[PDB]
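Working notes, beginning with the structure itself.
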Amino acid sequence: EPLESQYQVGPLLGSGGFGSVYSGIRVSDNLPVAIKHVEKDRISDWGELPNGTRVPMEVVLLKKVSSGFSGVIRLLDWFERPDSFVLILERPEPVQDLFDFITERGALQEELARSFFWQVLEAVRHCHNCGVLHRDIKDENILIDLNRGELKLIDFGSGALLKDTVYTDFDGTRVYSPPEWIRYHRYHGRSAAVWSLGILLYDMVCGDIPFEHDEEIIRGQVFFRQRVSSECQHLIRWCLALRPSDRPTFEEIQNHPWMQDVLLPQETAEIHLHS
Ligand SMILES: C[C@H]1CN(c2ccncc2NC(=O)c2ccc(F)c(-c3c(F)cccc3F)n2)C[C@@H](N)[C@@H]1O
Numbered sequence: 032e033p034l035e036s037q038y039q040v041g042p043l044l045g046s047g048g049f050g051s052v053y054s055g056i057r058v059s060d061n062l063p064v065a066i067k068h069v070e071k072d073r074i075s076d077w078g079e080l081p082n083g084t085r086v087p088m089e090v091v092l093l094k095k096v097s098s099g100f101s102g103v104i105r106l107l108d109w110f111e112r113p114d115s116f117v118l119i120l121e122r123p124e125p126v127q128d129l130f131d132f133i134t135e136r137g138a139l140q141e142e143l144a145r146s147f148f149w150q151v152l153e154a155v156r157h158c159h160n161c162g163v164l165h166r167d168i169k170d171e172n173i174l175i176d177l178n179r180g181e182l183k184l185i186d187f188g189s190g191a192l193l194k195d196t197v198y199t200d201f202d203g204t205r206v207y208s209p210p211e212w213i214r215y216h217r218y219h220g221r222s223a224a225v226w227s228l229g230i231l232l233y234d235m236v237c238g239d240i241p242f243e244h245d246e247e248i249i250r251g252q253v254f255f256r257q258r259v260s261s262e263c264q265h266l267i268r269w270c271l272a273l274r275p276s277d278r279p280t281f282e283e284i285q286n287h288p289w290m291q292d293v294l295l296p297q298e299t300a301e302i303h304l305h306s
């Protein structure tokens with residue numbers, strides 16, 4: 032029933048502002064897992080389970096979206112400790128985050144970016160449909176199940192319940208944050224998500240993010256350092272509209288002509304990954 036009984040701990044996979052994440056194995060069936068530790072002091076956002084249990088928001092959010100859809104990393108279990116929480120997540124194998132994948136490969140071919148970006152959109156739509164706002168969409172928070180060509184969202188530790196009124200708090204990644212946050216410390220959920228998705232898509236097809244400093248975010252002028260089709264450039268600049276209400280809805284993104292004829296995930300692994 033206790034934690035270090037149920038799970039054999041492997042090596043540290045990474046650590047940072049989000050806590051420390053370890054490789055692990057469930058002792059019962061040898062299922063691969065990832066084990067995330069977060070100190071209570073560094074959790075600012077605390078939700079409630081139906082049954083009134085105080086927990087990090089992250090646990091609330093992952094329970095809200097943890098089902099059969101494989102586009103979000105599944106929370107398998109969690110534990111409170113006197114000074115920390117521990118989360119057990121599913122772990123694909125082999126696996127690589129999108130940041131490392133892009134660092135290795137450089138700018139992605141458009142066919143590949145289309146497939147990946149499409150899966151990210153399906154995953155984010157599912158979160159929103161379940162009342163969950165991720166608030167830190169970026170290559171480091173997206174993982175690739177290399178054998179299946181399937182992407183998964185991870186790290187809901189900066190997320191929130193989706194609402195229709197203004198957010199005035201933010202602790203996600205600043206270079207993916209929209210100009211209205213930089214200037215006014217205010218944003219609305221969906222349109223801020225769409226801006227981060229513009230940053231991500233640019234990142235995929237150029238191999239780096241378009242803006243580094245506040246003043247570039249605010250100016251919002253996009254320069255393409257690699258050859259990118261006119262239709263892709265158009266979608267990117269739409270997502271990155273300075274006025275939030277000028278940005279496309281998710282439906283508009285998925286109906287964009289650059290988004291048509293997406294590869295299936297398995298086709299994507301065969302053409303682009305196993306190779
Ligand atoms: C090591 C990963 C940890 N990661 C996270 C940051 C904040 N919260 C959670 C995570 N990771 C996970 O929740 C998770 C769940 C299942 C996984 F399979 C992985 C994972 C892994 F187990 C190996 C390589 C990468 C992964 F994302 N991470 C950031 C990635 N930039 C890094 O890479």
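According to PDB author numbering, the sequence shown is numbered sequentially starting from 32. Heads up, the beta-carbon is just placed ideally off N, CA and C, and yes, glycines get one too.
- By the CB criterion at 8 Å, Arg278 and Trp226 fall inside the cutoff.
- Rounded to whole angstroms, the gap between the alpha carbons of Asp170 and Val151 is 10 Å.
- Looking at the DSSP output, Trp109 bridges to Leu118.
- Beta bridge pairing from DSSP links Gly203 with no other residue.
- In this structure, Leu93 places its C-beta atom within 8 Å of the C-beta atom of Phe187.
- Scanning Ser101, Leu62 and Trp109 for the CA closest to the CA of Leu80 turns up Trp109.
- For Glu70, the enclosing beta strand (DSSP E) covers residues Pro63 to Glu70.
- For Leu43, the uninterrupted beta strand (DSSP E) run begins and ends at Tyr38 to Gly47, by DSSP.
- Rounded to the nearest whole angstrom, the C-alpha separation of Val52 and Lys71 is 15 Å.
- The Cβ atoms of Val40 and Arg145 lie no closer than 8 Å to each other.
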